[PDB]
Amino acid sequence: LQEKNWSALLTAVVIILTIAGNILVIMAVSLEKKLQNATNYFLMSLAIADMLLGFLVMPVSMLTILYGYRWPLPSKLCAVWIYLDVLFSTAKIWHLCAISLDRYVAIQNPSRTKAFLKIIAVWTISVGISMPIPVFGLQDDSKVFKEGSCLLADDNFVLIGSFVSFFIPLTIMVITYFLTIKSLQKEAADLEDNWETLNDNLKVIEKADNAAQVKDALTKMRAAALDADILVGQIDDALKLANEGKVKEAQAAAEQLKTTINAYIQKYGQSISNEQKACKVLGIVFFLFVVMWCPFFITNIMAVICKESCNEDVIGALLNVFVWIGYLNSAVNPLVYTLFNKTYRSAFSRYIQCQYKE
């Protein structure tokens, strides 16, 4: 005991910011009805994972730092504590991958129960991924102990576990994020194309002298609206006048079509800027998970590669540092939501003032 007493002051700060911030997230998705969507339902499940990592794993870790990385508890709790840490971390990364995938599929498409079934699937996948760690590690203390330190000692568990709980969900998540960004760039682009078509043909109709010019322009306007409804019917109403030779009537109907076009373009176009706003916040969450966990997972693989060549006491001392940089990620998602989403910031501000009604 008290082999390192300076380090555990800092780790208590990281434990408290984790518990309290993620309690504010869980409260905001439970209570604030502007946050009742499928992405925020996933962000709450991530927050429970971050909270249970802060309650269950992180105090036991600080306890080991206070005992000189020398396991202070009953010995069959070591494999359980490895299992909790690996379960919450597997759940977190496949949540971010499910968010990224479900939001990409939403931009190639037109219930809380449907979100909640998916969350349960991610958690039940994560329990089955993490399952060999107590099943094998409780039967053999050499898979979870290294010189009285509780740490995942089995090299095949580290390699299998580094890919199926960090690198293959990351790969799917970074591909789906890029494709999502490209889809939004295609949808902001196709809209601008439809705007130019509609605006150009309205100017054609306003200068038109013959029915044929008006009819052709309205046919091209109808197609643009169909590519992007009330507008289509209004265009068809102008088309019948144009087919009837009522040029002046069709021209007056077209100046009225303009107000409807402005409303629809700005709405579908407000909702493209909002999806790019939302994608940008999830990108910071995705980025901060990877960059803060990269020094732990790269070094953990390098321990297994240069097992004998490298200084196992330096590598072991760097992993003790780098696991807490990764634990610090559990404090950061609530801060990201505060900085970039008004609804979370307002929710957090009222919950701190013990005002729980909207």
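When you see a residue number, it is the position in the sequence shown, counting from 1.
Handout entry: Unmodelled deposited residues flanked by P110 on one side and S111 on the other
Key = Unresolved stretch here: 4 to 9 residues.
Handout entry: Count class of deposited residues lacking coordinates, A228 to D229
Key = Missing residues, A228 to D229: 4 to 9.
Problem - Given 280 to 288 and 254 to 262, the range whose Cα B-factors average higher in the PDB entry - result: Higher mean C-alpha B-factor in the PDB entry: 254 to 262.
Exercise for the section: For the higher mean C-alpha B factor in the entry, choose 292 to 300 or 307 to 315. Expected result: Higher mean C-alpha B-factor: 307 to 315.
Practice task
Would you mind checking which of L170, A238, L84, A189 has the top Cα temperature factor in the PDB entry?
Solution key: Out of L170, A238, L84, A189, the record gives the largest C-alpha B-factor to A238.
Problem - Which of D154, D140, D200, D209 ranks first by CA B-factor in the deposited coordinates - result: Highest C-alpha B-factor among the listed options: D209.
Problem - Entry-reported Cα temperature factor of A91, expressed as the chain third it lands in - result: Within its chain, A91 is a lowest-third residue by C-alpha B-factor, going by the deposited values.
Problem - Chain-wide C-alpha B factor ranking for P59, given as lowest, middle or highest third - result: Tercile = middle for this residue's CA B-factor.
Practice task
Please rank the C-alpha B-factors of the chain's modelled residues and tell me whether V247 sits in the lowest, middle or highest third.
Solution key: According to the entry, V247 has a C-alpha B-factor in the chain's highest third.
Problem - Record-listed C-alpha B factor of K182: chain third - result: Tercile = lowest for this residue's CA B-factor.
Practice task
Taking the values exactly as deposited, rank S346 by C-alpha B-factor within its chain and report the matching third: lowest, middle or highest.
Solution key: Within its chain, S346 is a middle-third residue by C-alpha B-factor, going by the deposited values.
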